[PDB]
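Notes to accompany the following structure.
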Amino acid sequence: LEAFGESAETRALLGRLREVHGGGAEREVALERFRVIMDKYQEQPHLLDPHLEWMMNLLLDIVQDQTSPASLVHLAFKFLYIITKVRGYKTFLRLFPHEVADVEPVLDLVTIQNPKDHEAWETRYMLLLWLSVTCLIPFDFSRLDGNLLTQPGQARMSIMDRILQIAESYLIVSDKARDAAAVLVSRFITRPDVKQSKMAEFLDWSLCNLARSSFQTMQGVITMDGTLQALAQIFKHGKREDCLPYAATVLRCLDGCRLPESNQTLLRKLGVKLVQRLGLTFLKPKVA
Amino acid sequence: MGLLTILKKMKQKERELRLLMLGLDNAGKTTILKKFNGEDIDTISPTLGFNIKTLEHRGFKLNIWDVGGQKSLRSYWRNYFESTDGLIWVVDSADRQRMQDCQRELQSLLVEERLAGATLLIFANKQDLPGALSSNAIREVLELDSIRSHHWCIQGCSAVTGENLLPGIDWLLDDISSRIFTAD
Amino acid sequence: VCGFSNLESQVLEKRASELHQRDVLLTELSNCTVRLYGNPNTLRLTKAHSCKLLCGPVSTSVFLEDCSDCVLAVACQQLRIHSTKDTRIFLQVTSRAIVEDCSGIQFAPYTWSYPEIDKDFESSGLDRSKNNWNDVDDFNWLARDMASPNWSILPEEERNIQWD
Ligand SMILES: Nc1nc2c(ncn2[C@@H]2O[C@H](COP(=O)(O)OP(=O)(O)O)[C@@H](O)[C@H]2O)c(=O)[nH]1
Ligand SMILES: [Mg+2]
C-alpha cells in the first residue's frame, strides 16, 4: 500500500451521513463499510497522514453545526473515534482545533452528555479528548469567564470549576470515557492557574478515593484503576517542583492500599507505574 | 513486548521529530513557519494563542509548534516542554530596546530541566531592515558564547524573502540526527 | 534607524525620501505632533502622552507601548497595543489588531489623506479592499458573549478631529 486509493468512496460515505442518520440498516451498513475501509491500514496507518485533516474537518462540520440533531452528531463522533483508534489519539488530536473560541462550545457540549447512555460512549470519548486538546490555550480560565456576578440570584460556575466536576465524574465510570478522563486531567491540573486553584482539591479527592476504594467491590476497583492512572499521568506530565511536595503522602497512601497482594493485574501494573513516577520526582534528571 | 515490536516502535518515534518555536512577540515566528511550507505571509494575523504544523523534510516528520511571544502567553511555555527534540528561538534584529528581555527569556529557558536534551537554533529574523544588527552583534547581546551544555547556533535570516532559513533548518536536523535516542 | 527621541511641544514632519523602507521609532514624546509622509517599513510608538502621530501606509506591523491621551491614524497590516489608556486610533488594518493591558481605547475608520498618497499605497503592497478596524481582539477579555470594557468603537461625532 503506497497511497490511499479509496478517497472517493470514503468521501461519498462521509457525505451520505446527512441522509443515512435516520436509518437503522443503512447506518450499520455504512459503519461496517467505514470500519473495513479503515482497517486495511491498521498495520501502517501513517500512509493515511496526508488525508487525516480533510476527513476530520468533514466529520467536524457535522458536529459543529447548530441545526445538527443528536442522532446525526452521534454518527459523526463514531466515525471520528474510528479514525482515532487506527491513527491513534496522540497523533490525530494534534490537528483538532485549539482556538480560544473552542473552550466554551466544547465544555457546553460536554454538559449535555448522558452518562447512563451506553450506546453513545464514543460521543463521550471524543468529547473528553477534545476538551483536553483545548486546555493547551496559553491563557487563564479566568480571562474567559469574564464576569460571574452577571446572573443575579444564582451565580454561574467557572469554566475551570466545571472541568474539575467533569473529570471527577468521568473518572469513576465503567465505560471507555474514564480513559478519556485520564487524558483530560493530565492537561488540566498541569497548568499554572489550575495548579494553584484545584490541585489540593484533586489530590484530596484522589487520596480519599484510594483511602475508601477496594479491589473486591466492582465499582471500588473501577475507582482504584482510574485514580492510579490519573496520578501516574499527572506525575509523568507534571512539573517536578510543583509535584515533589506531594510525593511523600502519595507513596505513604499507596503503601497502605496494599496493591501487590491484591488479585488484580491492572491494579498492580498501575501501582508499580505510580511508584516509578514518584521515584523520579526525588532525583534530578541527568543527560548522559 | 518482543524485541522486534520494540524496534518497530523505536523507528516510528525517531521518524517523528519535535521542534518548539519560541521568541518575543512580533519576531516573525509565524512568518518563518508560513514561508517554510510555501504559504502566503501577507495575510498573516498576530497569533492570539498557538499553532502547530506537521510537515515533512529530508525524510523527517517535523511537528513544528509556535506559541505566542506575549507576557501572558509566556507563563504557559512550560506546557510544551515535553518530548521536544529541538528548540528554535527567534530574535528581532531591528529591535534594539528589548535586547535584554530576549537575553533574560533564553537564559531562563536554558536552565530548564526538560529542555536540557534538545538542539538550540537562534533565528535572528528581520535582516533586510536598514537598522538590523548583524549576526556578530546579536551573538554578543544574547550571551550565546557562554552556552556550553547545549549545541547552539546563530544564523541571520529574513522570513519575507525566505533567506538563510533552509541552511539553519538543515543544520538543526543534522545536529538532531547526530544523536541516537532521547530521554523520557 | 530613524524616528524621534525625547521631545516636548514641537511640530515635526518627514517626507518619503526619509521614510522609504526604514524603521521609525518614536520614544519619549509629550505634547508633540508628528506628520509622516511616506511608507515606513516598521512603525513604533513608546511612552507617548498627549501626542498626535500621523503616518501613511506601512509595510509591516505597528507597536504602541506606554502611551496615553495620544491620537493615531495609520493604515498598516498589523497593530499591537500594550499598556495604553484614553487613546483614539483611526487605524486601517488588513489582517487583525490586538489590545493588551489597555483601557478607555477608542477606534474609528482611517480617513487621513494627503497629496501623492495613492503612490505610497502602491509601494507598500497593502490590499485597500481589506479593512477590519471593527474586529479587535483582547488578551484580557476572552468572553464569548459580552464586549470587552477596555475598547469601544468611536462615535461619528468624535471622528471629526481637526487635524490642521
Ligand atoms: N521587514 C521584515 N518584516 C518582517 C520579517 N518577518 C516578519 N516581518 C513582519 O513583522 C511582523 C510580525 O510578524 P509575526 O509573524 O506576526 O510576529 P509573531 O506573531 O511574533 O510571529 C509582521 O507584520 C511581518 O510581516 C522580515 O524578515 N523582514
Ligand atoms: Mg504569531
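The chains in the C-alpha cells are called A, B, ... from first to last as shown; in each chain the residues are counted from 1, and the ligands are counted from 1 in the order shown.
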* To do: Dump as a ChimeraX atom specification the residues of chain C that approach chain A to within 12 Å, counting only C-alpha atoms.
  => /C:137-149
* To do: Using only C-alpha atoms, select each residue of chain C with any atom at most 10 Å away from an atom of chain B, and give the selection as an MDAnalysis selection string.
  => chainID C and resid 1:2 21:24 41:42 59:63 77:80 82 93:98 100 125:127 137:140
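Nearest to chain A of all the residues B:13, B:78, B:148, B:98 is B:78, based on only C-alpha atoms.
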* To do: Write out as a list in words each polymer residue whose atoms come within 10 Å of residue 49 in chain C, counting only C-alpha atoms; drop sequence neighbours fewer than 2 positions from it.
  => residues 28, 29, 30, 31, 32, 46, 47, 51, 52, 66, 67, 68, 69, 70, 71, 84, 85, 86 and 87 of chain C
* Residues of chain A no more than 10 Å from chain B, counting only C-alpha atoms: send them over as a PyMOL selection string. => chain A and resi 46+49-50+94-95+97-100+135-140+187+190-193+236-240+284-288
Generate a file of the selected residues that holds N, CA and C atoms, formatted as a tab-separated table (two decimals), in the first residue's frame.
chain	number	residue	atom	x	y	z
A	46	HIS	N	0.27	5.30	8.94
A	46	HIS	CA	0.96	6.54	8.58
A	46	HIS	C	0.65	6.95	7.15
A	49	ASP	N	-1.79	9.71	6.81
A	49	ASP	CA	-1.48	11.00	7.47
A	49	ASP	C	-1.92	12.17	6.58
A	50	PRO	N	-1.65	12.15	5.26
A	50	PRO	CA	-1.99	13.28	4.39
A	50	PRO	C	-3.50	13.52	4.31
A	94	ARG	N	-3.52	16.24	17.43
A	94	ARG	CA	-2.72	17.43	17.17
A	94	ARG	C	-3.32	18.31	16.08
A	95	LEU	N	-4.20	17.75	15.24
A	95	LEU	CA	-4.83	18.52	14.17
A	95	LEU	C	-6.16	19.13	14.58
A	97	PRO	N	-9.02	21.45	16.41
A	97	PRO	CA	-8.98	22.89	16.67
A	97	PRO	C	-8.48	23.19	18.08
A	98	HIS	N	-7.91	24.38	18.23
A	98	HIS	CA	-7.36	24.79	19.52
A	98	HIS	C	-7.47	26.31	19.68
A	99	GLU	N	-8.46	26.91	19.04
A	99	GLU	CA	-8.66	28.35	19.16
A	99	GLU	C	-9.45	28.68	20.42
A	100	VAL	N	-9.25	29.89	20.96
A	100	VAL	CA	-9.94	30.32	22.22
A	100	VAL	C	-11.45	30.33	21.97
A	135	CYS	N	-7.10	22.63	26.56
A	135	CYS	CA	-6.52	23.09	27.85
A	135	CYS	C	-5.06	23.51	27.62
A	136	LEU	N	-4.58	23.45	26.36
A	136	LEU	CA	-3.22	23.93	25.98
A	136	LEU	C	-3.23	25.46	25.78
A	137	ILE	N	-4.42	26.03	25.44
A	137	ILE	CA	-4.60	27.50	25.29
A	137	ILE	C	-3.68	28.22	26.29
A	138	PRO	N	-2.80	29.14	25.85
A	138	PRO	CA	-1.86	29.83	26.75
A	138	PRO	C	-2.51	31.04	27.45
A	139	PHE	N	-3.67	30.85	28.08
A	139	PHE	CA	-4.41	31.93	28.79
A	139	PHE	C	-5.02	31.38	30.08
A	140	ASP	N	-5.40	32.25	31.02
A	140	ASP	CA	-6.01	31.83	32.31
A	140	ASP	C	-7.50	31.57	32.09
A	187	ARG	N	-3.89	17.27	31.23
A	187	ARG	CA	-3.74	18.57	30.59
A	187	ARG	C	-4.63	19.63	31.26
A	190	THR	N	-1.98	20.29	35.13
A	190	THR	CA	-0.59	20.60	34.86
A	190	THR	C	-0.38	22.00	34.30
A	191	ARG	N	-1.29	22.94	34.58
A	191	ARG	CA	-1.14	24.31	34.14
A	191	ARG	C	-1.05	25.24	35.35
A	192	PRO	N	-0.59	26.48	35.16
A	192	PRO	CA	-0.36	27.35	36.33
A	192	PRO	C	-1.60	27.61	37.17
A	193	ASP	N	-2.65	28.20	36.61
A	193	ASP	CA	-3.80	28.60	37.41
A	193	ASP	C	-4.46	27.41	38.10
A	236	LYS	N	3.73	12.05	35.49
A	236	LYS	CA	4.54	11.96	34.28
A	236	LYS	C	4.60	13.30	33.56
A	237	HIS	N	3.44	13.92	33.31
A	237	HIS	CA	3.34	15.19	32.56
A	237	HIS	C	3.26	16.39	33.51
A	238	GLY	N	3.73	16.26	34.75
A	238	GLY	CA	3.71	17.35	35.74
A	238	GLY	C	5.10	17.83	36.09
A	239	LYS	N	5.20	19.15	36.36
A	239	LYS	CA	6.47	19.85	36.81
A	239	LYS	C	6.99	19.19	38.08
A	240	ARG	N	8.29	19.17	38.34
A	240	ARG	CA	8.90	18.36	39.42
A	240	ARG	C	8.95	19.13	40.73
A	284	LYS	N	17.23	14.21	40.33
A	284	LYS	CA	17.35	15.23	39.31
A	284	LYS	C	17.57	14.60	37.94
A	285	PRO	N	16.91	15.08	36.89
A	285	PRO	CA	17.11	14.48	35.56
A	285	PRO	C	18.53	14.72	35.07
A	286	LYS	N	19.16	13.65	34.58
A	286	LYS	CA	20.51	13.70	34.05
A	286	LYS	C	20.49	13.58	32.53
A	287	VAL	N	21.62	13.94	31.92
A	287	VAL	CA	21.76	13.89	30.47
A	287	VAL	C	23.10	13.25	30.12
A	288	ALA	N	23.10	11.93	29.95
A	288	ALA	CA	24.32	11.20	29.62
A	288	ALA	C	24.70	11.43	28.16
* To do: Extract the full set of strand (DSSP E) residues from range 23-142 of chain C according to DSSP on the backbone, and format it as a ChimeraX atom specification.
  => /C:23-30,33-35,42-49,52-57,61-68,71-75,78-89,96-100,103-107,137-138
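Straight-line separation from CA of residue 34 in chain B to CA of residue 54 in chain A: 19.6 Å.
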* Asked: Quick one: residues within 10 Å of residue 169 in chain A, only C-alpha atoms counted, chain neighbours fewer than 6 positions away excluded, as a list in words?
  ->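 Returned residues: residues 115, 163, 178 and 181 of chain A.
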* Asked: Out of range 86-147 of chain B, which residues get alpha helix (DSSP H) from DSSP, as an MDAnalysis selection string?
  -> chainID B and resid 99:110 135:141
Next, write the just-selected residues to a file, as a compact mmCIF listing (two decimals), in the first residue's frame, keeping N, CA and C atoms as the atom set.
# COMPACT_ATOMS: atom_id res chain seq x y z
N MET B 99 16.46 44.22 23.96
CA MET B 99 17.51 43.23 23.79
C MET B 99 17.81 42.45 25.06
N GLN B 100 17.41 42.97 26.22
CA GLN B 100 17.61 42.26 27.48
C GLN B 100 16.48 41.28 27.79
N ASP B 101 15.27 41.57 27.31
CA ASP B 101 14.15 40.65 27.53
C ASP B 101 14.42 39.30 26.90
N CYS B 102 14.88 39.29 25.64
CA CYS B 102 15.20 38.03 24.98
C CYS B 102 16.36 37.32 25.67
N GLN B 103 17.37 38.08 26.08
CA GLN B 103 18.57 37.50 26.76
C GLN B 103 18.11 36.90 28.09
N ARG B 104 17.11 37.49 28.73
CA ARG B 104 16.57 37.01 30.03
C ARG B 104 15.66 35.80 29.78
N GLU B 105 14.92 35.79 28.67
CA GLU B 105 13.99 34.68 28.32
C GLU B 105 14.80 33.43 27.97
N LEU B 106 15.84 33.57 27.14
CA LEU B 106 16.68 32.46 26.72
C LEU B 106 17.47 31.89 27.89
N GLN B 107 17.91 32.74 28.82
CA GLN B 107 18.62 32.25 30.00
C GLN B 107 17.70 31.40 30.87
N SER B 108 16.46 31.85 31.07
CA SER B 108 15.52 31.07 31.86
C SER B 108 15.13 29.78 31.16
N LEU B 109 15.15 29.77 29.83
CA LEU B 109 14.82 28.55 29.10
C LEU B 109 16.00 27.58 29.09
N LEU B 110 17.22 28.10 29.22
CA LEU B 110 18.40 27.23 29.21
C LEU B 110 18.55 26.48 30.52
N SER B 135 24.87 39.40 12.60
CA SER B 135 24.91 38.19 13.41
C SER B 135 25.94 38.30 14.53
N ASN B 136 27.08 38.94 14.27
CA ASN B 136 28.11 39.07 15.30
C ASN B 136 27.62 39.91 16.47
N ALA B 137 26.91 41.00 16.19
CA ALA B 137 26.40 41.84 17.26
C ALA B 137 25.37 41.10 18.11
N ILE B 138 24.46 40.37 17.46
CA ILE B 138 23.45 39.62 18.21
C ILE B 138 24.09 38.49 18.99
N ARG B 139 25.21 37.95 18.51
CA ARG B 139 25.90 36.82 19.19
C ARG B 139 26.57 37.33 20.47
N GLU B 140 26.58 38.65 20.70
CA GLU B 140 27.28 39.27 21.87
C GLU B 140 26.27 39.85 22.87
N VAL B 141 25.02 40.10 22.46
CA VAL B 141 23.98 40.74 23.33
C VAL B 141 23.11 39.66 23.98
* What's the 8 Å shell around residue 91 in chain B, counting only C-alpha atoms, without same-chain residues fewer than 2 positions away, as a ChimeraX atom specification? -> /B:23-24,27,89,93,102,122-125
Using the selection just defined, write its residues with N, CA, C and O atoms as a PDB file, in the first residue's frame.
ATOM      1  N   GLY B  23      10.048  32.802  21.218  1.00  0.00           N
ATOM      2  CA  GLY B  23      10.663  34.097  20.992  1.00  0.00           C
ATOM      3  C   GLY B  23       9.715  35.215  21.368  1.00  0.00           C
ATOM      4  O   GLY B  23       8.522  35.013  21.583  1.00  0.00           O
ATOM      5  N   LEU B  24      10.277  36.419  21.447  1.00  0.00           N
ATOM      6  CA  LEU B  24       9.484  37.587  21.790  1.00  0.00           C
ATOM      7  C   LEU B  24       8.397  37.824  20.744  1.00  0.00           C
ATOM      8  O   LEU B  24       8.465  37.335  19.612  1.00  0.00           O
ATOM      9  N   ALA B  27       8.355  38.811  16.370  1.00  0.00           N
ATOM     10  CA  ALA B  27       9.696  38.433  15.947  1.00  0.00           C
ATOM     11  C   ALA B  27       9.701  37.609  14.668  1.00  0.00           C
ATOM     12  O   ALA B  27      10.770  37.167  14.236  1.00  0.00           O
ATOM     13  N   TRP B  89      14.668  29.629  18.902  1.00  0.00           N
ATOM     14  CA  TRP B  89      14.408  30.933  19.497  1.00  0.00           C
ATOM     15  C   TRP B  89      14.581  32.007  18.430  1.00  0.00           C
ATOM     16  O   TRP B  89      15.654  32.126  17.830  1.00  0.00           O
ATOM     17  N   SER B  93      16.178  41.352  14.988  1.00  0.00           N
ATOM     18  CA  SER B  93      17.458  42.044  14.874  1.00  0.00           C
ATOM     19  C   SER B  93      17.274  43.555  14.924  1.00  0.00           C
ATOM     20  O   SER B  93      18.082  44.267  15.532  1.00  0.00           O
ATOM     21  N   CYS B 102      14.884  39.288  25.644  1.00  0.00           N
ATOM     22  CA  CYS B 102      15.197  38.026  24.983  1.00  0.00           C
ATOM     23  C   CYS B 102      16.358  37.319  25.671  1.00  0.00           C
ATOM     24  O   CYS B 102      16.356  36.090  25.799  1.00  0.00           O
ATOM     25  N   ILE B 122      19.123  29.676  16.856  1.00  0.00           N
ATOM     26  CA  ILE B 122      18.851  31.134  17.031  1.00  0.00           C
ATOM     27  C   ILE B 122      18.593  31.751  15.655  1.00  0.00           C
ATOM     28  O   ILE B 122      19.567  31.882  14.887  1.00  0.00           O
ATOM     29  N   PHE B 123      17.344  32.115  15.352  1.00  0.00           N
ATOM     30  CA  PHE B 123      16.967  32.746  14.060  1.00  0.00           C
ATOM     31  C   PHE B 123      16.889  34.263  14.240  1.00  0.00           C
ATOM     32  O   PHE B 123      15.815  34.745  14.644  1.00  0.00           O
ATOM     33  N   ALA B 124      17.968  34.993  13.945  1.00  0.00           N
ATOM     34  CA  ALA B 124      17.990  36.473  14.022  1.00  0.00           C
ATOM     35  C   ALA B 124      17.164  37.006  12.853  1.00  0.00           C
ATOM     36  O   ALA B 124      17.771  37.356  11.824  1.00  0.00           O
ATOM     37  N   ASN B 125      15.839  37.079  13.000  1.00  0.00           N
ATOM     38  CA  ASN B 125      14.932  37.465  11.886  1.00  0.00           C
ATOM     39  C   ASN B 125      15.015  38.961  11.585  1.00  0.00           C
ATOM     40  O   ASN B 125      15.616  39.685  12.393  1.00  0.00           O
TER      41      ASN B 125
END
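In this model, the gap between CA of residue 36 in chain C and CA of residue 163 in chain C comes to 13.2 Å.
If you measure from each of C:12, C:105, C:58, C:154 to ligand 1 using only C-alpha atoms and all ligand atoms, the closest one turns out to be C:58.
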* Asked: Which of these, C:103, C:124, C:33, C:111, has the shortest distance to ligand 1 once you count only C-alpha atoms and all ligand atoms?
  ->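 Of C:103, C:124, C:33, C:111, the one nearest ligand 1, counting only C-alpha atoms and all ligand atoms, is C:124.
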* **Spatial neighbours of residue 13 in chain A, 9 Å, only C-alpha atoms, chain gap at least 5 places, as JSON, numbers by chain** => {"A": [8, 30, 33, 34]}
Written selection (N, CA, C and O atoms) as a PDB file, in the first residue's frame:
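Result file is out-v4.pdb:
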ATOM      1  N   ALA A   8     -12.465   8.610  -3.020  1.00  0.00           N
ATOM      2  CA  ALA A   8     -13.816   8.930  -3.470  1.00  0.00           C
ATOM      3  C   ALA A   8     -14.861   8.148  -2.685  1.00  0.00           C
ATOM      4  O   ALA A   8     -15.907   8.696  -2.315  1.00  0.00           O
ATOM      5  N   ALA A  30     -23.184   1.400   6.556  1.00  0.00           N
ATOM      6  CA  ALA A  30     -22.158   2.420   6.364  1.00  0.00           C
ATOM      7  C   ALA A  30     -21.074   2.318   7.429  1.00  0.00           C
ATOM      8  O   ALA A  30     -19.886   2.501   7.134  1.00  0.00           O
ATOM      9  N   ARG A  33     -18.916  -0.561   6.604  1.00  0.00           N
ATOM     10  CA  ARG A  33     -18.157  -0.227   5.370  1.00  0.00           C
ATOM     11  C   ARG A  33     -16.999   0.705   5.736  1.00  0.00           C
ATOM     12  O   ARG A  33     -15.908   0.530   5.167  1.00  0.00           O
ATOM     13  N   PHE A  34     -17.219   1.652   6.650  1.00  0.00           N
ATOM     14  CA  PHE A  34     -16.177   2.617   7.087  1.00  0.00           C
ATOM     15  C   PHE A  34     -15.128   1.867   7.911  1.00  0.00           C
ATOM     16  O   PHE A  34     -13.947   2.240   7.833  1.00  0.00           O
TER      17      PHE A  34
END
* Between CA of residue 252 in chain A and CA of residue 228 in chain A, distance in Å (one decimal) ->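 Answer for the CA of residue 252 in chain A to CA of residue 228 in chain A separation: 14.0 Å.
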